[PDB]
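Chemist: To start, I am sharing the structure in question, which I have written as structure tokens.
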Amino acid sequence: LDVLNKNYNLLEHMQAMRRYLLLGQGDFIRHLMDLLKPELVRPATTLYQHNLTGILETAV
Amino acid sequence: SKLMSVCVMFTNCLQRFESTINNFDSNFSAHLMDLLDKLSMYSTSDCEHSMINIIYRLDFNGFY
Amino acid sequence: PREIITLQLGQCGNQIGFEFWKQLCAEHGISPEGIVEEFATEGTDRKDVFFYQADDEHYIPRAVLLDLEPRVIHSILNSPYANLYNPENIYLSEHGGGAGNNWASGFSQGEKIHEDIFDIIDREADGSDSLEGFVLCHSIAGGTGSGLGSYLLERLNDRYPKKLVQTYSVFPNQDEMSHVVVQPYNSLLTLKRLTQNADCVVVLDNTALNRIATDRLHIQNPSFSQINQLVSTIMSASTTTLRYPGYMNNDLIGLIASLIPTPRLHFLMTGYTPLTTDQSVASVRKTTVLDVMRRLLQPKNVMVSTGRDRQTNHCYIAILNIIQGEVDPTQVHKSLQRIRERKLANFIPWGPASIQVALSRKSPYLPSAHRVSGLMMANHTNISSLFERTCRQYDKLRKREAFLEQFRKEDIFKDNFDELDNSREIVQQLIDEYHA
Amino acid sequence: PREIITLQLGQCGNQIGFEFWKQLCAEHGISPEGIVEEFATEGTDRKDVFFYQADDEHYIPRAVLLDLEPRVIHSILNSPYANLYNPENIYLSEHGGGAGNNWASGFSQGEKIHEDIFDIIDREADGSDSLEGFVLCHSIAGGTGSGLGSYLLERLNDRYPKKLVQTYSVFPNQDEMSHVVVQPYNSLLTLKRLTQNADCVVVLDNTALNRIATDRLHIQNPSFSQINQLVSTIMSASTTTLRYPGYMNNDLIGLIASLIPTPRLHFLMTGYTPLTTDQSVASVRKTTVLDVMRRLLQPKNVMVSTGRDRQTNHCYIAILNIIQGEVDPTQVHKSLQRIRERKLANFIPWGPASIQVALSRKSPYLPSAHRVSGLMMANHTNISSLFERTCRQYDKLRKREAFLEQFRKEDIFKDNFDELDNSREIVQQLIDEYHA
């Protein structure tokens with residue numbers, strides 16, 4: 001349990017996933033979902049992925 | 001390389017002195033339709049990270 | 001993202017917002033001229049929601065302060081918290097105003113400085129491409145905050161139509177009528193603009209302040225230096241879901257949406273218990289959350305002068321109970337278990353009610369991470385008693401021939417007095433009709 | 001190779017080109033009388049593109065300076081930067097001129113000194129066997145720069161037909177009309193020569209100078225000593241792809257070719273933000289490129305007096321955004337990513353638009369290798385507002401019987417006033433027709 005603390009932060013990633021898939025802190029997801037709605041109202045296309053990585057990175 | 005062959009014809013046009021001008025504009029719109037064909041070819045690729053970079057920059061040239 | 005522009009205005013609205021920004025630096029772990037502590041980012045996970053976003057880790061306040069009286073701003077620059085304020089966002093040195101004491105003064109001064117009042121306050125609007133809204137941190141007492149504040153409730157309704165409007169407005173004092181006598185006139189003129197030209201208000205009574213200021217605070221001569229202590233804490237308490245990282249109703253359009261039943265019914269009752277420093281020596285023994293919300297619905301912490309025998313025919317519709325800091329959340333559902341057994345809130349017989357409880361972690365500070373805090377945002381239909389108090393003091397003054405010749409010389413040609421009287425009775429009749 | 005001959009002419013054109021050459025020595029790491037630093041070749045990879053090529057590592061300027069007034073040149077030789085200039089390329093000591101204040105003076109003096117004006121300025125032409133072109137660094141204000149400058153736009157069009165012509169011309173001031181009154185006459189006579197006898201211009205308004213000279217510069221009495229500071233930086237900024245080693249549009253016929261839509265539509269809007277020295281203390285924290293081009297399209301740095309409500313029916317066609325020095329080029333495509341989302345530039349509905357961004361490394365100097373610089377070369381179709389301003393001040397003056405008897409005694413026998421009026425309206429009509 002001490003080698004993960006020095007190198008990998010294993011149980012820190014247990015708390016970390018709760019902020020994104022379990023939506024612990026809402027400001028990470030509300031500033032997401034505000035910027036994400038002008039893309040979700042249209043149907044998805046082939047060109048749907050390359051803007052979503054940019055709208056993820058300017059939301060964080 | 002069709003861009004190169006239409007530039008030498010249009011440079012010859014200016015030093016010689018409308019139907020050739022309309023032929024050049026139809027040569028451009030054939031290139032602009034060919035660029036839309038490569039946009040559909042790059043969308044139907046292997047869908048990797050290199051696909052995303054080449055499909056973003058050609059949507060970007062299409063927005064020009 | 002969620003940037004709010006505060007509109008501090010008037011003689012009383014500038015002082016209650018001065019210590020509101022001074023409260024924010026002590027909880028963010030920051031200094032008004034520097035950054036000496038590292039507690040600002042590890043302890044607090046969000047800081048750019050009321051401040052302007054940083055250029056040198058200097059969180060500029062998104063604040064504007066206009067007043068006709070230069071006395072409120074000359075007691076600011078000698079304080080060491082004024083260097084955080086900017087001398088180019090609002091005014092430079094030696095700013096002035098009118099003479100001046102009239103509701104018609106600031107109502108007529110809005111369209112002669114119309115070019116300058118819509119120039120420098122709009123520069124902060126396009127800083128963020130998604131503006132939250134506007135809060136008018138103004139006053140009702142006097143003619144300074146009530147005269148000019150009624151103008152911006154009209155022209156910002158159509159120039160910025162998709163923005164939230166909601167104000168923390170303070171009510172004036174109705175003890176005697178010797179120093180001021182224009183109090184029934186300038187109050188009802190702004191109160192009409194607070195219902196149809198404004199979505200929501202947060203009422204703050206003045207006669208209920210000295211009820212609390214002699215309750216546990218133990219003063220003999222009531223001064224104006226105590227009016228900023230009850231007000232600045234509940235202002236920062238209302239944004240604990242918005243400033244500190246919360247999940248649900250973490251926006252200002254989140255909290256107000258879950259409490260307003262209908263337009264022109266938005267007057268929210270406020271409550272806040274812990275104000276005593278000698279409670280600190282006995283909170284070390286795990287003082288729980290099971291006893292802090294039993295006294296919120298009990299009419300002891302209220303800041304609204306209302307009748308004590310008028311609560312049997314009135315019914316609560318929406319009640320907010322905000323706990324902060326250490327909550328011990330394994331018993332917060334246990335505190336909401338005991339609500340249905342007492343029925344201390346009368347429920348509306350036509351529809352459902354709601355007791356909403358929420359939590360957020362407080363500042364990394366010793367008086368904040370130790371003592372339980374309870375913020376109440378009630379909505380009870382006994383609020384017409386204040387509207388019956390103001391209207392009975394309004395029609396009685398017009399039969400005494402008071403300020404009918406002294407008030408209509410400037411920019412008033414027709415009788416707009418019954419235009420305020422019927423619209424106030426429309427509010428008072430639709431409140432009692434709302435429980436069928 | 002790429003040698004350009006600057007044609008500095010007039011009372012104002014000589015002073016704006018005097019500090020233009022004085023700016024070039026501070027960035028090349030050279031002295032006007034010697035070479036004391038070794039930073040000229042290791043830091044700067046190209047120096048012989050505006051200077052004459054060296055004979056003793058003395059980079060002679062390829063400049064000519066003619067003016068009727070001897071006052072502008074007598075304030076030159078006492079300055080220590082005049083020894084870099086040569087007393088045989090243009091004039092020796094004690095050069096003079098006319099009396100003199102007239103547009104018809106220099107227009108008639110061009111063919112009486114016709115032998116000498118085409119003798120010593122052509123000696124610098126055959127120094128390089130591939131000449132780039134000619135830039136007329138002249139003025140529109142007064143009769144000195146406008147009278148003689150209209151003559152060389154005609155006789156250099158056919159004697160040197162395969163050369164680029166493009167000028168950095170300054171517009172006169174239209175605040176009052178007391179000291180000068182001949183301002184609508186000499187301006188429109190040169191403005192006709194700037195469209196059909198000249199390919200491109202770079203407009204520089206005078207009423208927009210004091211808009212910036214009191215914006216951040218904080219002066220009380222506007223003097224002529226500030227007119228050379230905004231002008232000399234953007235002149236050297238426009239040749240950063242040409243002087244410093246760049247790749248694309250590294251020639252003067254590279255930049256102008258990608259912005260001109262058509263002849264007689266060449267009036268380019270200029271913008272330049274960073275002019276403040278106290279910004280230097282906060283650029284140490286990696287100030288990025290993502291915030292410097294959001295304010296270029298925002299009408300704050302513009303040097304063109306135009307309407308604020310006339311941009312909705314007008315459309316941008318070509319916009320240049322030049323970053324210099326430290327760029328951090330891994331986010332320069334990230335800055336161009338955010339352009340399409342705002343649509344701050346209105347795009348032409350008939351054809352495509354273009355936002356061209358380019359970079360080049362600046363001088364090895366501490367105020368240059370630390371602070372981000374943004375040079376704008378816009379092209380917007382709201383430029384007819386200046387042409388509507390000059391034409392409305394032109395036909396109003398001819399109905400007041402002003403300078404119709406005082407102007408046609410010398411070398412004017414027919415009415416050439418409507419020859420300038422229709423050709424100006426041809427420009428104003430083809431601009432609005434250009435967006436179909």
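We label chains A, B, ... in the order they appear in the structure tokens, count residues from 1 in each chain, and number ligands from 1 in the order shown.
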Applying 10 Å and only C-alpha atoms, which residues near residue 35 of chain A remain after dropping the ones on its own chain fewer than 3 positions away? List them as number ranges by chain.
Modeler: A: 29-32, 38-40, 52, 55-56, 58-59; C: 1, 130
Chemist: Could the residues in this selection be saved with N, CA and C atoms as a PDB file, in the first residue's frame?
Modeler:
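Printed below is out09.pdb as written:
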```
ATOM      1  N   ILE A  29     -18.798  19.593 -13.987  1.00  0.00           N
ATOM      2  CA  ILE A  29     -19.790  19.046 -14.903  1.00  0.00           C
ATOM      3  C   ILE A  29     -20.788  20.109 -15.370  1.00  0.00           C
ATOM      4  N   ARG A  30     -21.018  21.158 -14.574  1.00  0.00           N
ATOM      5  CA  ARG A  30     -21.947  22.200 -15.008  1.00  0.00           C
ATOM      6  C   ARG A  30     -21.323  23.093 -16.074  1.00  0.00           C
ATOM      7  N   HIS A  31     -20.059  23.494 -15.887  1.00  0.00           N
ATOM      8  CA  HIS A  31     -19.338  24.197 -16.941  1.00  0.00           C
ATOM      9  C   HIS A  31     -19.069  23.306 -18.138  1.00  0.00           C
ATOM     10  N   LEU A  32     -19.024  21.991 -17.930  1.00  0.00           N
ATOM     11  CA  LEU A  32     -19.102  21.054 -19.034  1.00  0.00           C
ATOM     12  C   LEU A  32     -20.466  21.215 -19.699  1.00  0.00           C
ATOM     13  N   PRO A  38     -24.912  23.091 -26.936  1.00  0.00           N
ATOM     14  CA  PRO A  38     -25.001  23.450 -28.373  1.00  0.00           C
ATOM     15  C   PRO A  38     -24.518  22.369 -29.336  1.00  0.00           C
ATOM     16  N   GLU A  39     -23.863  21.320 -28.853  1.00  0.00           N
ATOM     17  CA  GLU A  39     -23.473  20.190 -29.685  1.00  0.00           C
ATOM     18  C   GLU A  39     -24.412  19.001 -29.545  1.00  0.00           C
ATOM     19  N   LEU A  40     -25.088  18.862 -28.402  1.00  0.00           N
ATOM     20  CA  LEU A  40     -25.972  17.726 -28.178  1.00  0.00           C
ATOM     21  C   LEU A  40     -27.354  17.921 -28.788  1.00  0.00           C
ATOM     22  N   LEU A  52     -15.495  17.531 -29.439  1.00  0.00           N
ATOM     23  CA  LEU A  52     -15.808  17.182 -28.057  1.00  0.00           C
ATOM     24  C   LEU A  52     -14.551  17.050 -27.209  1.00  0.00           C
ATOM     25  N   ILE A  55     -13.900  20.715 -26.503  1.00  0.00           N
ATOM     26  CA  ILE A  55     -14.837  21.277 -25.540  1.00  0.00           C
ATOM     27  C   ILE A  55     -14.677  20.624 -24.169  1.00  0.00           C
ATOM     28  N   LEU A  56     -14.008  19.469 -24.091  1.00  0.00           N
ATOM     29  CA  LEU A  56     -13.630  18.924 -22.792  1.00  0.00           C
ATOM     30  C   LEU A  56     -12.435  19.669 -22.223  1.00  0.00           C
ATOM     31  N   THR A  58     -11.213  22.783 -22.886  1.00  0.00           N
ATOM     32  CA  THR A  58     -11.473  24.155 -22.476  1.00  0.00           C
ATOM     33  C   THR A  58     -12.513  24.249 -21.370  1.00  0.00           C
ATOM     34  N   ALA A  59     -13.126  23.130 -20.985  1.00  0.00           N
ATOM     35  CA  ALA A  59     -13.994  23.127 -19.812  1.00  0.00           C
ATOM     36  C   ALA A  59     -13.215  22.842 -18.535  1.00  0.00           C
TER      37      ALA A  59
ATOM     38  N   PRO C   1     -18.303  31.979 -17.090  1.00  0.00           N
ATOM     39  CA  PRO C   1     -19.029  30.805 -16.595  1.00  0.00           C
ATOM     40  C   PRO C   1     -20.264  31.174 -15.777  1.00  0.00           C
ATOM     41  N   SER C 130     -20.760  33.984 -20.848  1.00  0.00           N
ATOM     42  CA  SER C 130     -21.992  33.410 -20.300  1.00  0.00           C
ATOM     43  C   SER C 130     -22.236  34.101 -18.960  1.00  0.00           C
TER      44      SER C 130
END
```
Chemist: Specify as a compact mmCIF listing (two decimals) with N, CA and C atoms, in the first residue's frame all residues of chain D found within 10 Å of chain B, counting only C-alpha atoms.
Modeler:
```
# COMPACT_ATOMS: atom_id res chain seq x y z
N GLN D 337 -8.71 28.57 -33.24
CA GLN D 337 -9.86 27.71 -32.99
C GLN D 337 -11.06 28.51 -32.48
N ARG D 340 -14.10 31.05 -34.93
CA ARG D 340 -15.37 30.70 -35.56
C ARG D 340 -16.54 30.68 -34.59
N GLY D 351 -18.61 35.03 -50.96
CA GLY D 351 -17.40 34.26 -51.04
C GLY D 351 -16.79 33.96 -49.68
N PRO D 352 -15.68 33.22 -49.69
CA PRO D 352 -15.00 32.90 -48.43
C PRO D 352 -14.24 34.08 -47.86
N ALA D 353 -13.94 33.98 -46.57
CA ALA D 353 -13.10 34.93 -45.85
C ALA D 353 -11.82 34.22 -45.41
N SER D 354 -10.95 34.96 -44.71
CA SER D 354 -9.66 34.41 -44.30
C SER D 354 -9.12 35.16 -43.09
N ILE D 355 -8.77 34.41 -42.04
CA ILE D 355 -8.07 34.95 -40.88
C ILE D 355 -6.65 34.41 -40.92
```
Chemist: Pick out the chain A residues within 8 Å of chain C. Count only C-alpha atoms. Give them as a ChimeraX atom specification.
Modeler: /A:23-27,31
Chemist: List the spatial neighbours of segment 428-431 of chain C as a PyMOL selection string - criterion: any atom at most 12 Å away, only C-alpha atoms, same-chain residues fewer than 2 positions off excluded.
Modeler: chain C and resi 261-267+313-317+348+379-391+421-426+433-436
Chemist: Looking only at the backbone, which of the residues in segment 330-435 of chain C does DSSP tag as strand (DSSP E), as a list in words?
Modeler: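 Listing strand (DSSP E) positions across segment 330-435 of chain C yields residues 354, 355, 356, 357, 358, 359, 360, 373, 374, 375, 376, 377, 378, 379 and 380 of chain C.
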Chemist: Quick one: distance from atom CA of residue 232 of chain D to atom CA of residue 292 of chain D in Å, one decimal?
Modeler: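 Result for atom CA of residue 232 of chain D versus atom CA of residue 292 of chain D: 21.0 Å, one decimal.
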Chemist: List as number ranges by chain the protein and nucleic acid residues near residue 53 of chain B, meaning an atom at most 12 Å away when only C-alpha atoms are counted, but skip any in the same chain fewer than 5 places from it.
Modeler: A: 47, 49-51, 53-54; B: 42-43, 45, 47-48, 58-60
Chemist: Could you produce a table of the residues of chain D lying within 10 Å of chain C, with the nearest pair of atoms per residue and their separation in Å rounded to one decimal, using only C-alpha atoms, ordered by chain and increasing residue number, as a Markdown table?
Modeler:
```
| residue | atom | partner | partner_atom | distance |
| --- | --- | --- | --- | --- |
| D:281 | CA | C:56 | CA | 9.6 |
| D:282 | CA | C:56 | CA | 6.5 |
| D:283 | CA | C:56 | CA | 9.1 |
| D:284 | CA | C:56 | CA | 9.8 |
| D:285 | CA | C:56 | CA | 7.9 |
| D:287 | CA | C:55 | CA | 8.9 |
| D:342 | CA | C:129 | CA | 9.3 |
```
Chemist: Mind checking which residues fall within 12 Å of residue 53 of chain D, counting only C-alpha atoms, ignoring those fewer than 2 positions away in the same chain, and posting them as a ChimeraX atom specification?
Modeler: /D:1-4,46-51,55-62,124,127-128
Chemist: Quick check for you: according to DSSP on this backbone, which residues of chain A are classed as alpha helix (DSSP H)? Reply as a ChimeraX atom specification.
Modeler: /A:2-7,10-17,27-40,49-57
Chemist: Would you mind listing what lies within 6 Å of segment 23-30 of chain D as number ranges by chain, with only C-alpha atoms counted and same-chain residues fewer than 6 positions away left out?
Modeler: D: 39-40, 363
Chemist: May I have the residues from that selection written out with N, CA, C and O atoms, as a CSV table (one decimal), in the first residue's frame?
Modeler:
```
chain,number,residue,atom,x,y,z
D,39,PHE,N,25.6,41.3,-31.8
D,39,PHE,CA,24.2,40.8,-31.8
D,39,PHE,C,23.6,41.0,-33.2
D,39,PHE,O,22.4,40.6,-33.4
D,40,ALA,N,24.3,41.6,-34.2
D,40,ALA,CA,23.6,42.0,-35.4
D,40,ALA,C,23.5,40.8,-36.4
D,40,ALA,O,22.6,40.8,-37.3
D,363,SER,N,13.7,41.1,-32.1
D,363,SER,CA,15.1,41.4,-31.8
D,363,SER,C,15.6,40.8,-30.5
D,363,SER,O,14.8,40.6,-29.6
```
Chemist: Please determine, counting only C-alpha atoms, which residue among A:20, A:46, A:14, A:1 has the shortest atom-to-atom distance to chain B.
Modeler: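 Closest to chain B of all the choices is A:46.
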Chemist: In Å, rounded to a single decimal, give me how far atom CA of residue 321 of chain C is from atom CA of residue 360 of chain C.
Modeler: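 Atom-to-atom, atom CA of residue 360 of chain C to atom CA of residue 321 of chain C, that is 12.2 Å.
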Chemist: Which neighbours of residue 31 of chain B fall inside 12 Å, counting only C-alpha atoms, when residues of the same chain fewer than 3 positions from it are skipped, and could you give them as a PyMOL selection string?
Modeler: chain B and resi 1-4+6+24-28+34-38
Chemist: C:157, C:280, C:79, C:220: which is nearest residue 198 of chain C, counting only C-alpha atoms?
Modeler: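 So, comparing all the options, the nearest one is C:157.
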Chemist: Rank nothing, just name the residue among A:8, A:36, A:48, A:57 nearest to chain B, using only C-alpha atoms.
Modeler: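 The shortest atom-to-atom distance to chain B comes from A:48.
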